[PDB]
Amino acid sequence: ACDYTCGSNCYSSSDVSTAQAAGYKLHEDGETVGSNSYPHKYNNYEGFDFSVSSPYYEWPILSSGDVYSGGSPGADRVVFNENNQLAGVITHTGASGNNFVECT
């Protein structure tokens, strides 16, 4: 069973922890990767009711299982905060335009 399901993409808790660790490391070092500069601030315009405090940062999680290093980030993202706490897993899949919906 999937711990998080983003459209057709299936992720386990370890998939998320691994992606999150990479994104947080970059955040701590003040570095970014890719043309859209990840990780970067996630404003939560969608208004998700996250259990942890802001600020939030978004970082791509790939269905291939690899850690994001550049190029297309796909539709999925892990959202973490300043204390490296997982806020949630979100996706562009099933959402209009560049909006997000939560992975179930």
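From 1 onward, residues are counted along the sequence shown. C-alpha atoms forming the largest set that superposes within 1.5 Å between two forms make up the rigid core.
Root-mean-square C-alpha deviation from the shown form, taken over all structures in 4 other deposited structures of this protein superposed by the rigid core, is larger for 44-52 than for the alternative among 44-52 and 73-81.
In this entry, 50-58 has the higher mean Cα B-factor, the comparison being between 50-58 and 37-45.
Per the deposited record, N84 carries the highest C-alpha B-factor of all listed residues (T91, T18, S12, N84). In the PDB entry, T5 places in the lowest third of its chain by CA B-factor.
In the deposited entry, the Cα temperature factor of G30 sits in the bottom third of values across the chain's modelled residues. Compared with the other modelled residues of the chain, the Cα B-factor recorded for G74 ranks in the lowest third.
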